[PDB]
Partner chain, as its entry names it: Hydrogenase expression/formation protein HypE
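Only one chain comes next, encoded as structure tokens, the form solved without the partner chain.
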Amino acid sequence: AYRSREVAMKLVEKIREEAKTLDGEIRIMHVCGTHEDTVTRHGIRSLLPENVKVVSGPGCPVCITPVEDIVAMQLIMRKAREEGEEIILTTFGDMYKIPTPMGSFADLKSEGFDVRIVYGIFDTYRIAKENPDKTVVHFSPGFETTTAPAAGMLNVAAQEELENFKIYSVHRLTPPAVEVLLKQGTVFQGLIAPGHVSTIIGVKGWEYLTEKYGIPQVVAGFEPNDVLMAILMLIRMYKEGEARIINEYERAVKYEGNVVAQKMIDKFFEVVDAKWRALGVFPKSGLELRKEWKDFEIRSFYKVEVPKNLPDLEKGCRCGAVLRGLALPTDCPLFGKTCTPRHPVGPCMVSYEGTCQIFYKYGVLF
């Protein structure tokens, strides 16, 4: 308590002191919704010196789930129903309300489809066991942190030979996003690596970025002091002209990552080029079930026709710029006007990890 406040004040003073002698403006990016929550909750952007910026990358797996996949899942529900098949669709609570030009999962539910909100894929497994006569499918988004438990449940279902347990895989990888943002402009000279994701892929998983682009990195937890320390460290590393990755979250992250989880994920999933809503196609950034485990993917059972020309976002939504770290929600003309948690225009406002929802949640009036 008193200690945390003491450290925070001292860290901000060091940041100010180091920043004074910066050539120009330094941009530090994070790609983790919880880091954004911490940053905004504690007003860290205002505390920083004018020449130090914290950029919010695409750290929301729900926000970037493609419209085509949500719509496709919806079309599979309809095609299965016309065949007399009662499918039970599970989804996280925020994904449940993600908008698309053809409606959300919640809209589908109001039509009488069996759509259920779950806390995790373990609930899907339980529901599958509760309804052996019904197909149970989890629309499954998520970065490495969420993919790990999905792989774990699949391994359990595989051992049991559960045949009514499926997923619609829309899992994504974080490092590739960081690479694309860099090549596509988005300027930043340091990275705060996500803590949870790092727990799975370890320091090892981010190294290629430092080796390929020379960008310094600090793996950090979510306390405001973890974020402040990371910022202080990246500034020093930058000024000192060094390209290294420092693990400030060793209590939860091993250099090698969680090898057990990594192996479990690779056992069922294969990395493919994948779409990221409002951002385009990122090569080798998505995960799909391997050919050997195709029976677990619902698309292996139903083929549907997603209509063409479906726009990624509703008119005026700047979620594209926001996910790129090129604009803050306050830069969006719909923010708090036509777009709010009650009536969201874009995915950035619905998602729990969404920068726009985070800005709203903390009453950012800016």
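Shifts are known only where both forms have a C-alpha. So that the term is clear: the rigid core is the largest set of C-alpha atoms that superpose within 1.5 Å between two forms. Residue numbers count along the first chain shown, from 1.
Practice problem: Look over 271-279 and 174-182 in the entry and identify the one with the greater average Cα temperature factor. | Solution: For C-alpha atoms only, the mean B-factor is higher in 174-182.
Quiz item: Which of the two stretches, 250-258 or 94-102, shows the higher mean Cα temperature factor in the record?
Solution: Looking at the recorded C-alpha B-factors, 250-258 comes out higher on average.
Quiz prompt | Deposited CA B-factor, highest of 47, 29, 304, 67 | solution = Of the options given, 47 has the highest CA B-factor in the PDB entry.
Quiz item: For the listed 118, 150, 77, 237, which has the peak Cα B-factor recorded in the PDB entry?
Solution: By C-alpha B-factor in the record, 237 ranks first.
Quiz item: Lowest, middle or highest third: where is residue 113 by Cα B-factor in its chain?
Solution: Answer is lowest: the recorded C-alpha B-factor places it there.
Exercise. Would you please rank residue 206 by its C-alpha temperature factor against the other modelled residues of its chain and give the third it falls in: lowest, middle or highest?
Key: Middle third.
Quiz item: When the modelled residues of the chain are sorted by Cα temperature factor, does residue 220 land in the lowest, middle or highest third?
Solution: For residue 220, whose C-alpha B-factor we compare with every modelled residue in the chain, the answer is the middle third.
Quiz item: Ranked by Cα temperature factor within the chain, is residue 41 in the lowest third, the middle third or the highest third?
Solution: Tercile = middle for this residue's CA B-factor.
Exercise. Sorting the chain's modelled residues by C-alpha B-factor, tell me whether residue 129 ends up in the lowest, middle or highest third.
Key: Within its chain, residue 129 is a lowest-third residue by C-alpha B-factor, going by the deposited values.
The same protein has a further form, the form solved in complex with the partner chain, not shown here; the description that follows concerns it.
Quiz item: Which single stretch, out of 49-57, 294-302, 22-30, 336-344, brings residue heavy atoms within 4.5 Å of the partner chain in the entry with it bound?
Solution: Looking at the partner contacts, the answer comes out as 336-344.
Quiz item: Is residue 40 close enough to the partner chain in the entry with it bound to count, meaning some heavy atom within 4.5 Å?
Solution: So residue 40 counts as contacting the partner chain.
Quiz item: Counting only non-hydrogen atoms and a 4.5 angstroms cut-off, does residue 44 reach the partner chain in the entry with it bound?
Solution: Yes.
Quiz item: Should residue 176 be classed as touching the partner chain in the entry with it bound when contacts are defined as heavy atoms within 4.5 Å?
Solution: Result no; residue 176 lies far from the partner chain in the entry with it bound.
Self-check item: Proximity of residue 224 to the partner chain in the entry with it bound, heavy atoms at 4.5 Å
Solution: Yes, contact at 4.5 Å.
Practice problem: Pull the contact list for 138-168: residues with a heavy atom within 4.5 Å of the partner chain in the entry with it bound, in sequence order. | Solution: Counting only heavy atoms within 4.5 Å of the partner chain in the entry with it bound, no residue of 138-168 makes contact.
Quiz item: Mind listing the moving segments between the shown form and the other one, meaning three or more residues in a row, each Cα shifted 2 angstroms or more, core aligned?
Solution: Segment displaced between the shown form and the other one after core fit: 1-3 only.
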